[PDB]
Amino acid sequence: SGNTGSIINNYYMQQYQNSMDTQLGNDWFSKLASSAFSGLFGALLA
Amino acid sequence: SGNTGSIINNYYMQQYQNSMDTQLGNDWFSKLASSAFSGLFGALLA
Amino acid sequence: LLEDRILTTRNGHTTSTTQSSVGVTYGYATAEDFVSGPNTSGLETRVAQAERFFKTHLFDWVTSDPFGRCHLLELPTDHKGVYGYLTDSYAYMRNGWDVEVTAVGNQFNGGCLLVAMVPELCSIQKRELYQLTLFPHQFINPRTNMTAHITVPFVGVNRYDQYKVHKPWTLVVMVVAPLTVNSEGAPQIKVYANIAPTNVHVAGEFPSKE
Amino acid sequence: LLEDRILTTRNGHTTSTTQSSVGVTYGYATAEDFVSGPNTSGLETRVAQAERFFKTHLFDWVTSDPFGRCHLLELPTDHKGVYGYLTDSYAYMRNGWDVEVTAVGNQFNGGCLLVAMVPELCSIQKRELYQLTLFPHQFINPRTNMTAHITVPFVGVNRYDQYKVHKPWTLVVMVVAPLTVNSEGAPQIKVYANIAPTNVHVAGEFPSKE
Amino acid sequence: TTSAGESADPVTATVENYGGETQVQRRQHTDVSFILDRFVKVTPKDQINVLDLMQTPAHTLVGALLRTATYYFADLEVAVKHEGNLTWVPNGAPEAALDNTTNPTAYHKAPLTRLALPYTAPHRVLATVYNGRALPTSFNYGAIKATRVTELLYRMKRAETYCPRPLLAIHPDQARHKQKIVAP
Amino acid sequence: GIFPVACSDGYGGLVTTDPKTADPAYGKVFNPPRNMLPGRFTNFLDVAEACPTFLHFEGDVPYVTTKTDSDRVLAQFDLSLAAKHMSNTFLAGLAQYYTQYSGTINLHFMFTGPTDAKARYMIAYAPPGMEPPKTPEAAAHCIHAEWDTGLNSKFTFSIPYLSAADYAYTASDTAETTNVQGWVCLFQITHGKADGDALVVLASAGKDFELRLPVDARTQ
């Protein structure tokens, strides 16, 4: 999450360091990045 | 690398102590050292 | 606005693109005469480094500009870069001018230039000008194309041609149909020329400027 | 006169068509955050009835009109029909503005407006105006498109957003390139905007005007 | 790499095109979670200081990057070079709530205070810009007070924004902004 | 030699919640027995939920008497814990200690009058954005319900958890006079020789109820 290179369980329990992200029931920017064509709208020569 | 006689993983993670040497694709002075003949250009006697 | 046709042609690092494409045409050849000849006795090498595009100016196709103005451009010709230094450090060699000719106005004018790439020559009879339709050549018209392009082979009289004093290739564009600005058409079309020397190898070598 | 591209988009009973299509683009999302949240405790329902198109006017892209005029249009906004009555009889809800933006001149002009659909805000730095290229947005140019279109998701800060006093969605079109009537081009382009609120559900309810 | 432009579908291009090869970049550093975990020393305005973020200098790394992505979530790791006993108090909790030792009332040592801080907003997410200088009273990560606080730093944690914003910098003047680097 | 150590600054300076435990210095103590001891419990939203309380009121009495005019509204106030009637109740006599909450709370009704006193009441619940009614007619447009005295007396209505954020505060300000959670309001239809009767309303935690973020701050 940035700079956490501790080899231990950072001692203090899981439900203690940070606050647990309850669920319900690059995410997207990587989705529209990994899809850019380097092709050619004609046909390469030489 | 000089004087590192620690029995642990020096705590702080691998990608943290030193900067990782990315590859690509005595090294040599030992190569031209380990090849010096103590022979004789004639023939030993006695 | 059609069948749709585009195209980019890479030569070394230089790459001309276009949209009013029309295609191309190679004439006479499509290959190259075994450039591993006797006269070069193995003493010839490939230098596909200077193989690429350089710019030079043709005339300016103007309304008046009669039915004949065919600004010539010899090939070889003055080279301020690679291929030129090569000809100054070498005697014998041979290539093949790519040539991708443009002439910008817009899709509203009238008239046509006649692009052609012909070999050994000296000068042409007007009465003959009615047959460029015999050597590697293209036809320009702003209602279909903005670009020409025609890629020429090697002819020379020999396998490995010398250029200090000889230029086998010449490029002409006689105005077949005069230009008409018209109602809303463009004002003038400066015929620009983009060339490139291909599949070329050298043999020979002189001392130095010193 | 091309690869050819048309398209009609139905929302309820309202259906915008176009021919200079270019496509679209959804940004940030493409979905919607599970609108079966805790705060609405099952007390939320689907009212896809008011889900459709309504018209509102943007500025008038005029030749002078500087490189910045970006007529804003907050979304939500005044509704003389359904969706509006809904916001007056409700506190908590959430949707997703479709938005199919037109701007009629013809295929002869110059310049471009920059269409974008950005969330929570207050006001923007001119120096920042060089990066609408970061939020759901389109680009207009009469030489390819007459329509824009970009369909926005739900962002809000919460699952079920209240609009009596808050408007997460704003719509701007800064003039990136000034307009040029030209020789035979059109005279002026009034940028019209067609919007529609989608996948929306309510929760909550007040007494009555009485 | 030509294409249609009034469509704005991402249409990049790369080396190969006219020549050259393309490499294996190691952007580890431009990793949003990575370069937001490293403390920002904002002015601890007196004693009763609110764990806000738009208080921070909108020009610092963790500040700037902060002001570039509308939405966001993360936790907190603070620092308090100070006097007395830092008695933090949750979000929503009455201003006055921060005083009773029973509350997390830390006891001074030498010299600041390093503690962990949950993200405690009633909203599933927070933001640096609420269209609703004028941003919400639930937008605070708790609130501290001691009896004199001299250093206020906020190491944001387990970072993760959403949506983007405009990134600009130091308006040069000579098409190339000159400023002394680190020389031998 | 010995294992080196980084006497790290800032880690360990007494915290009124510190996770770790202190040192024991007596040990080996066997206590008495705590077997099945009466009415234990271990959660305050367990007894809150499990044993409701009546509400303080105008005057102080918990009940309420049937209006015999057009003024029907039997109740009405800020839907939040600050609610004076609640501020004393069991659920309110604690939400003090927790900055936020979510969930549902309940309002139990009862009659006490004669059998010759048949009566009808109402329960409206409006939200933030408008001011509460005063006419069940205008009110019948919120999320409500109607009932009338019978054989069984009691009745407990659960009021909905509605708010932008899944949460919101228990405290309040003179900024929130528009309340982020609504103005629940009870009324009175019609009745019979059932004027001046007692309709006492109590309050428990519904099942949806939840409470979090401990905050202690001077309260008597």
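How each quantity is defined
- Residues numbered from 1 in each chain as written, not as in the entry; some residues may be left out.
- Chains lettered and ligands numbered in written order.
- Part of a larger assembly, values for the part shown.
- Heavy atoms only, no water.
- Pairing = 2+ DSSP bridges.
- Helix = DSSP H or I, 4+ residues; strand = E, 2+ residues; numbered from the N terminus.
- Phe/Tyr/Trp six-rings, centres within 6.5 Å; stacked < 30°, edge-to-face > 60°.
- Buried < 20%, exposed > 50% of the residue type's maximum accessible area, 1.4 Å probe, protein only.
- Contact = heavy atoms within 4.5 Å.
- Buried area = accessible area lost by both parts, 1.4 Å probe.
- Salt bridge = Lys/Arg side-chain N within 4 Å of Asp/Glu carboxyl O.
- Polar contact = N/O pair within 3.5 Å; in protein donor to acceptor, adjacent residues only side chain to side chain.
- Nonpolar A, V, L, I, M, F, W, Y, C, P; charged D, E, K, R; others polar.
- Core = buried A, V, L, I, M, F, W, Y, C linked by side-chain atoms within 4.5 Å.

Method-wise, the PDB entry is recorded as coming from X-ray crystallography, at a reported resolution of 3.5000 Å.

The PDB entry annotates chain F as Foot and mouth disease virus, VP3 of Foot-and-mouth disease virus - type O.

Under the PDB entry, the name given to chain C is Foot and mouth disease virus, VP2, and the source organism is Foot-and-mouth disease virus - type O.

On to the sheet that holds strand β1 (residues 44–45) of chain A, then. Pairing in this open sheet of 3 strands is mixed, and the strands run β1(A)-β1(C)-β2(C) from one edge to the other. Whereas interior strands pair on both sides, the edge strands pair on one side only; in this sheet they are β1 of chain A together with β2 (14–18) of chain C. Direction of pairing for β1 of chain A relative to strand β1 (residues 7–11) of chain C: parallel, over a ladder of 2 bridges. The partner of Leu45 of chain A across the bridge, within β1 of chain C, is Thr9 of chain C.

Scanning the entire structure with this criterion turns up 22 aromatic pairs over all chains. Pairing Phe29 of chain A with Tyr28 of chain D gives two aromatic rings, centres 6.4 Å apart and planes at 45°, and the pair type is tilted. Of this pair, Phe29 of chain A sits in the segment before β1 while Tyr28 of chain D is found in the loop between β2 (14–18) and β3 (44–46), placing the two residues in two different chains. According to the relative accessible area criterion, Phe29 of chain A is partly exposed, its value standing at 38%. Judged by centre distance (5.0 Å) and plane angle (65°), the rings of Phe73 of chain E and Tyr119 of chain E are edge-to-face.

This part takes up the interface of chain A and chain D. Residue-level contacts link 4 residues of chain A with 9 residues of chain D. Looking at the side of chain A facing chain D, the largest losses of area belong to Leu24, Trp28 and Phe29 of chain A, adding up to 92% of the total buried there. In this assembly, chain A and chain D are joined by 0 salt bridges. Applying the counting rule to chain A against chain D returns 0 residue pairs in polar contact. For the side of chain A that touches chain D, the class distribution of residues is 4 nonpolar, no polar and no charged.

Bringing the nonpolar core into the picture now. Formed by 79 residues in total, the largest nonpolar core has its most connected members in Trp97 and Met117 of chain D. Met117 of chain D has contacts with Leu75, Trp97, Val99, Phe135, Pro136, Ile150, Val152, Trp169, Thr170 and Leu171 of chain D, leaving out every residue within four places of it along the chain. Ranked by size, the runner-up nonpolar core spans 47 residues in total, among them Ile105, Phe109, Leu186 and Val201 of chain F.

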